[PDB]
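Asks: Chains as they are written, first to last, in the deposited numbering: chain G, 1 to 246; chain B, 1 to 246; chain A, 1 to 246. Ideal Cβ placement from N, Cα and C applies to all residues, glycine included. After the structure tokens below, expect a handful of questions from me.
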Amino acid sequence: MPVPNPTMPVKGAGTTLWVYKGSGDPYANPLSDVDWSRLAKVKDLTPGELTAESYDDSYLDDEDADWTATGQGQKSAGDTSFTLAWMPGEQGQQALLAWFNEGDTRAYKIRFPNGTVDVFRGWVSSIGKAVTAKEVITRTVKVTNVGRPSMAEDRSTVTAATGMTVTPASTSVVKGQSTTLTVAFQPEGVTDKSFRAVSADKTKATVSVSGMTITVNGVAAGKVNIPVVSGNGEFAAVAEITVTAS
Amino acid sequence: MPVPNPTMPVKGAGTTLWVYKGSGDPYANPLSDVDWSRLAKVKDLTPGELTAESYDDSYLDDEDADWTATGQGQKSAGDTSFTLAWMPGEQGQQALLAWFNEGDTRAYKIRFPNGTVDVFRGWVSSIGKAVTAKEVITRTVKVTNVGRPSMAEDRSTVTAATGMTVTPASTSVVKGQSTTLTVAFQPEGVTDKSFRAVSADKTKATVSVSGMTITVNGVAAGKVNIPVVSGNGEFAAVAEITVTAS
Amino acid sequence: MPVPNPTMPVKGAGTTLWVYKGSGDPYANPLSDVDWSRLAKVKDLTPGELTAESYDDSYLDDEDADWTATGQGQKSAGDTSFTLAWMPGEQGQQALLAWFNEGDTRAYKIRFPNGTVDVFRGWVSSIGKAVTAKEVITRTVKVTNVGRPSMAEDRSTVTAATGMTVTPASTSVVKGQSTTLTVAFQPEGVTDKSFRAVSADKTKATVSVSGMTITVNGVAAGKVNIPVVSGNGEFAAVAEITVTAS
């Protein structure tokens, strides 16, 4: 894949930011940074929790009601945490101290062992001296929200192909009327029941499969097209129904 | 929309006047000003409270009474407030000090985050040195009344379309007489009760809907016209009653 | 900067006046004083509130009206406050007591932690014994108005440089007539819409940008000059329109 699969390869190994302010794109290619500098180490890191607020905006379901005086607060979030470590010998906690003086938004990247290297932005939400015990100097900083470049159609739809031997109606229907495409089957040596035909156009038509028939409903004008393919291509049949403009 | 919707995106962000005296229209397009100059900053700004006086003119409901010696005061308002800030480095508080010397009516515009950029006029109702604490130099000025360009028919009336299958009376009535238009209904699979027919002309006629009938009242001569449309256009019927000139 | 930026470094730390009467400039360089003497301590100090009066001079918007008998009061202000402290061991409250006898206007300077060291003048608006509790001897004095040396053009105007590829009209217009400068654009890999050209001379001409064109209006005679520069200097084009003397 690229990133998304549900496997558990925990966390750790101490790789961490990797700050930048630079000039360029802070949400697309983060690997063009000229500032690109290690600050320290990580002990381990919280998940990426934004979190939220994220009002509603208070729907109910009480008293009807007349007007009546709603509110909202939207203070977005929620500051995102992680736990640092540093060794005397590593050089960068002074540039964390400089962040307390600076007060500004600094961008950064963190390697995950979870299959990504995500981009962060944030401000100095905890600073100064840190817990020391087994010589590592350990504390936290808390940070902010990210862009989203994710599609949902592509990646594509699965094997919708429990086909059947359909006899097509192939005949015009009145606008808003339903019609039936008869199902034959010969399931020799097997005796199936998995069959489940799929319409091409759902915008202007719809279909229900029950009763040993395909009920196609002419929701709007033109052509409704149902391609019935079996399995891995061992059978295919195409049927349509034309739908009136009135 | 344009401006009017009931959402709460609070206030602030320090944008402020933007004074003019110029020449042109001080109540229609305020964005043709050649004087157009920032004075300072705003900390935040009061709502637009005029306020009022706005007498009555003292109706009652005591002693009948003979003549008897009423008064009025009408001193309109009421001076409208807001809270300024300024930094040494910003240049304009000297032109606020000049307003104390000048004494005159100055026009201005203020950006709101409330979806508008309203036009103000007013005079120097507070001046000189201001409260300083966190280096901003903060005070107030208080100002005056605005024009109104708002219609109420347009924006138009809502879906008055809980129709019914009416049988029309379609027959002349005497001037000032009432008449009945019978209601049939077939509400299959549903069993409604929402039905509520609407007259076109209310100037010279009126209608009451109760009792499973439409009582149309021939208030003045000519035609009274009742168009009964259902829902989204799934049924429509038109009925009229002619009303005598005598 | 020099002083003006909107940061909050609160107040306190007990540094305070620093009186003078001397001879020299009481509003430009206040650091040439030969009188220059600490009086005491400050607990903390009110912002610099003058305040005002600052009449108007009562414009309305009632009764038309014939002549009719207005007034004014202009009693400028408004006396400006601050809260003193003193320790037995500090030597200067006796010279505050002398101020009660003297009755006169005394000049002074106060260090702020707000990035300035502002100059004051005033008179003894509260005197004698003071509140003691945690051994500091604490009270107030109230004082008066200051000069203003602030420019507004300089500091200069921001990056007015959302340029465009203009084809210039470059042709004389009649006095008071409008004319159009056509806009081309090739925004490859980007698809912009930010473009917003700026005239040099607004005294004798004006310009509106809408409709995918630049409408330049020949308000008075000579040349109107529009320099269109993009961004950081990646494109530039200069266009003019000559305007008739009649």
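Using beta carbons (cut-off 7 Å, strictly below), is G71 of chain A in contact with chain B?
Replies: Your numbering for residue 71 of chain A matches position 71 in the third sequence. It does not; no Cβ of chain B falls within 7 Å.
Asks: Using Cβ-Cβ distances below 9 Å, what residues of the segment 101-132 of chain B are close to chain A?
Replies: Hits within the stretch, in order: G103, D104, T105, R121, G122, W123, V124, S125, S126, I127, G128, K129, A130, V131 and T132.
Asks: On the DSSP bridge assignment, give the partners of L50 of chain B in chain order.
Replies: Residue numbering aside, residue 50 of chain B sits at position 50 when the second sequence is read from its first letter. The partner list for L50 of chain B (beta bridge, DSSP) is empty, contrary to what the question assumes.
Asks: Is the shortest distance between the beta-carbon of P30 of chain A and the beta-carbons of chain B less than 7 Å?
Replies: Indexing the third sequence from 1 puts residue 30 of chain A at position 30. No, because no Cβ of chain B sits closer than 7 Å to the Cβ of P30 of chain A.
Asks: Kindly list the residues whose CB is nearer than 8 Å to the CB of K75 of chain B, restricted to its own chain and excluding five residues on each side of it in sequence; keep chain order.
Replies: Translated into positions along the second sequence, residue 75 of chain B becomes position 75. Once the five neighbours on either side are set aside, the close Cβ partners of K75 of chain B are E53.
Asks: For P2 of chain A, count the other beta carbons within 10 Å of its own beta carbon; 16 or more makes it buried, fewer makes it exposed. Which is it?
Replies: In the third sequence, the residue the question calls residue 2 of chain A occupies position 2. With fewer than 16 Cβ atoms within 10 Å of its Cβ, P2 of chain A is classed as exposed.
Asks: Note down, in chain order, each residue of its chain lying with its Cβ closer than 7 Å to the Cβ of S58 of chain A, except the 5 sequence neighbours on either side.
Replies: Start at 1 with the first residue of the third sequence, and residue 58 of chain A comes out as number 58. Result list for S58 of chain A: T70, in chain order.
Asks: Please determine, among G:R155, G:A160, G:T15 and G:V141, the residue with the shortest C-alpha to C-alpha distance to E90 of chain G.
Replies: If you number the first sequence from 1, residue 90 of chain G lands on position 90. Nearest option by C-alpha distance: G:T15.
Asks: Restricting to Cα atoms, I'd like to know which of B:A221, B:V183 and B:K193 is closest to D201 of chain B.
Replies: Position 201 of the second sequence holds residue 201 of chain B. Checking every option, the nearest Cα to that of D201 of chain B belongs to B:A221.
Asks: Determine the burial state of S126 of chain B: buried for a count of at least 16 other Cβ atoms within 10 Å of its Cβ, exposed for fewer.
Replies: As a working note, residue 126 of chain B is residue 126 in the second sequence. Buried is the call here.
Asks: Report the option in A:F112, A:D56 and A:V209 whose CA atom is closest to the CA atom of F100 of chain B.
Replies: Here residue 100 of chain B refers to the residue found at position 100 of the second sequence. Among A:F112, A:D56 and A:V209, the Cα nearest to that of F100 of chain B belongs to A:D56.
Asks: Going by other Cβ atoms of all chains shown within 10 Å of its Cβ, with 16 needed for buried, is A236 of chain G buried or exposed?
Replies: Translated into positions along the first sequence, residue 236 of chain G becomes position 236. The residue in question, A236 of chain G, is exposed, as its Cβ has fewer than 16 Cβ neighbours within 10 Å.
Asks: Assign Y20 of chain A to one of two classes, buried (16 or more other C-beta atoms within 10 Å of its C-beta) or exposed (fewer than that).
Replies: Numbered from 1 along the third sequence, position 20 holds the residue referred to as residue 20 of chain A. Counting Cβ neighbours within 10 Å, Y20 of chain A comes out buried, since at least 16 surround it.
Asks: Could you tell me whether the segment 91-98 of chain B touches the segment 148-157 of chain A, where touching means 3 or more Cβ pairs closer than 8 Å?
Replies: At 8 Å Cβ cutoff, the stretches touch.
Asks: Are there 16 or more other CB atoms within 10 angstroms of the CB of residue 290 of chain B, so buried, or fewer, so exposed?
Replies: The structure shown does not extend to residue 290 of chain B, since chain B is modelled only from 1 to 246, so the question has no answer here.
Asks: Quick one: which chain A residues come within Cβ less than 8 Å of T16 of chain B?
Replies: Start at 1 with the first residue of the second sequence, and residue 16 of chain B comes out as number 16. Within chain A, no residue comes near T16 of chain B; the closest Cβ sits about 13 Å away, beyond 8 Å.
Asks: Is there a Cβ of chain G sitting closer than 7 Å to that of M8 of chain B, yes or no?
Replies: Taking the second sequence and counting its residues from 1, one reaches residue 8 of chain B at position 8. Judged by the 7 Å Cβ criterion, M8 of chain B is in contact with chain G.
Asks: Does the distance from the CB of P227 of chain B to the CB of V238 of chain B come in under 7 Å?
Replies: If you number the second sequence from 1, residue 227 of chain B lands on position 227. If you number the second sequence from 1, residue 238 of chain B lands on position 238. It is a contact, given that the beta carbons lie within the stated cut-off.
Asks: Could you name the residues of the same chain whose beta carbon sits closer than 8 Å to that of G24 of chain G, not counting the 5 residues immediately before and after it, in chain order?
Replies: Taking the first sequence and counting its residues from 1, the one referred to as residue 24 of chain G is at position 24. Here the set comprises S32 and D33.
Asks: With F100 of chain B as the anchor, note down where its alpha helix (DSSP H) starts and where it stops.
Replies: Position 100 of the second sequence, counting from 1, holds the residue named residue 100 of chain B. Its alpha helix (DSSP H) spans residues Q93 to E102.
Asks: Does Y59 of chain A have its Cβ less than 7 Å from a Cβ in chain B?
Replies: On the third sequence, position 59 is the one that residue 59 of chain A refers to. Yes, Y59 of chain A counts as interfacial toward chain B.
Asks: Name, in chain order, the residues that DSSP records as bridge partners for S172 of chain G.
Replies: The sequence position of residue 172 of chain G within the first sequence is 172, counting from 1. Its beta-bridge partners do not exist; DSSP assigns none.
Asks: Pick out whichever of B:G115, B:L96 and B:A65 has its Cα sitting closest to the Cα of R38 of chain B.
Replies: Counted from its first residue, the second sequence places residue 38 of chain B at position 38. Of the listed residues, the one whose Cα sits closest to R38 of chain B is B:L96.
Asks: Can you tell me the Cα-Cα spacing of residue 254 of chain B and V141 of chain G, whole angstroms?
Replies: Outside the shown range of chain B (1 to 246) lies residue 254 of chain B, about which nothing can therefore be said.
Asks: Does the distance from the CB of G115 of chain A to the CB of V173 of chain A come in under 7 Å?
Replies: Looking up residue 115 of chain A in the third sequence gives position 115. Looking up residue 173 of chain A in the third sequence gives position 173. No, they are not a contact pair.
Asks: May I ask which residues mark the beginning and end of the beta strand (DSSP E) holding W67 of chain B?
Replies: Position 67 of the second sequence holds residue 67 of chain B. Careful: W67 of chain B lies outside any beta strand (DSSP E) and carries neither H nor E.
Asks: Of the choices A:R121, A:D62 and A:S81, whose alpha-carbon is the least far from that of residue 314 of chain B?
Replies: Here chain B comprises residues numbered 1 to 246, so residue 314 of chain B is not present and cannot be evaluated.
Asks: Does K41 of chain A pass the burial test, meaning 16 or more other C-beta atoms within 10 Å, or should it be called exposed?
Replies: Here residue 41 of chain A refers to the residue found at position 41 of the third sequence. With 16 or more Cβ atoms within 10 Å of its Cβ, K41 of chain A is classed as buried.
Asks: Would you kindly work out how many angstroms separate the C-alpha atoms of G211 of chain B and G176 of chain G, rounded to a whole number?
Replies: Looking up residue 211 of chain B in the second sequence gives position 211. Looking up residue 176 of chain G in the first sequence gives position 176. The straight-line gap from Cα to Cα measures roughly 36 Å.
Asks: Am I right that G48 of chain A and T132 of chain B are in contact with their C-beta atoms under 8 Å? What's the rounded C-beta distance?
Replies: One-based indexing of the third sequence puts residue 48 of chain A at position 48. One-based indexing of the second sequence puts residue 132 of chain B at position 132. Correct: roughly 4 Å between the Cβ atoms.
Asks: State the beta-bridge partners of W123 of chain G as determined by DSSP.
Replies: Locating residue 123 of chain G in the first sequence gives position 123, where the first residue counts as 1. The partner list for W123 of chain G (beta bridge, DSSP) reads G:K142.
Asks: Taking C-alpha atoms, which residue in G:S156, G:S208 and G:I241 lies nearest to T167 of chain G?
Replies: Locating residue 167 of chain G in the first sequence gives position 167, where the first residue counts as 1. If we check each option's Cα against that of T167 of chain G, G:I241 comes out closest.
Asks: Counting only beta-carbon atoms, is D62 of chain A nearer than 7 Å to chain B?
Replies: The residue you call residue 62 of chain A lines up with position 62 of the third sequence. It does: the Cβ of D62 of chain A has a partner Cβ on chain B nearer than 7 Å.
Asks: Name the chain B residues whose beta carbon is nearer than 7 Å to that of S172 of chain A?
Replies: As a working note, residue 172 of chain A is residue 172 in the third sequence. The premise fails here: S172 of chain A is roughly 24 Å from chain B at the closest Cβ pair, so nothing lies under 7 Å.
Asks: So what does DSSP say about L181 of chain B, is it helix, strand or coil?
Replies: To locate residue 181 of chain B, count along the second sequence from 1; it is residue 181. Here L181 of chain B sits in strand by DSSP.
Asks: Can you tell me whether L60 of chain G is buried or exposed, with buried defined as 16 or more other CB within 10 angstroms of its CB?
Replies: The residue given as residue 60 of chain G occupies position 60 in the first sequence. Its Cβ having fewer than 16 others within 10 Å, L60 of chain G is exposed.
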